[PDB]
Amino acid sequence: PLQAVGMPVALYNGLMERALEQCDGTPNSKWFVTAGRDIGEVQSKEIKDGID
Amino acid sequence: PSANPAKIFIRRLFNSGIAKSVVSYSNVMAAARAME
């Protein structure tokens, strides 16, 4: 039987390898926050402290 | 022996005294790749 199951195994291995790579590489975050340039040098840290 | 109607064909397709393959090469190739 091993004669004919080459392509299935070859595709299975690649599909699982991609899953492993994505699990290892994808950033783990849920919020993306952006702000303008007019906030102060110390006034900015207060925002992240409040969110934190 | 002369009563066989098959003499119609083998005088045309298969000349007497010449051996000819049972199957064509394309069939053999098709069979070979089937197992894989």
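Residues numbered from 1 in each chain as written, not as in the entry; some residues may be left out. Chains lettered and ligands numbered in written order. Part of a larger assembly, values for the part shown. Heavy atoms only, no water.

- Method information in the entry identifies cryo-EM as the source of the structure, with 3.21 Å recorded as the resolution.

- Under its PDB header, the title given for this structure is "Agrobacterium phage 7-7-1 portal".

- The PDB entry annotates chain A as Portal protein originating from Agrobacterium phage 7-7-1.

1. Side note on the overall build of chain B
No. 1: Scanning chain B from N- to C-terminus turns up two helices and zero strands.
No. 2: C-alpha atoms of chain B, sized along the principal axes, occupy 45 × 20 × 15 Å.
No. 3: Each of the 36 residues in chain B was classed as buried or not, and the buried ones make up 0%.
No. 4: Accessible surface for chain B amounts to roughly 3800 Å². Of this, 62% is attributable to carbon and sulfur atoms. (Helix = DSSP H or I, 4+ residues; strand = E, 2+ residues; numbered from the N terminus. Buried < 20%, exposed > 50% of the residue type's maximum accessible area, 1.4 Å probe, protein only. Areas by Shrake-Rupley, 256 points an atom, 1.4 Å probe, with all protein chains shown as cover.)

2. Here we look at a nonpolar patch on the surface
No. 1: Together, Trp31, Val33, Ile39, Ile47 and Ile51 of chain A make up a nonpolar patch on the protein surface, roughly 550 Å² of accessible area in all.
No. 2: On the secondary structure map, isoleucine 39 of chain A appears in the loop between α1 (6–25) and α2 (43–51). (Patch = residues over 30% accessible without salt bridge, like charges linked within 9 Å, V, L, I, M, F, W, Y side chains within 5 Å. Salt bridge = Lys/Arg side-chain N within 4 Å of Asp/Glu carboxyl O.)

3. Considerations on the environment of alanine 4 of chain A
Residues and elements named next belong to chain A.
No. 1: Looking at the element boundaries, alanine 4 is found in the segment before α1.
No. 2: A relative accessible area of 44% means that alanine 4 is categorised as partly exposed.
No. 3: Note: C-alpha distance between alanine 4 and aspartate 38 (34 residues apart in sequence) is 66 Å.

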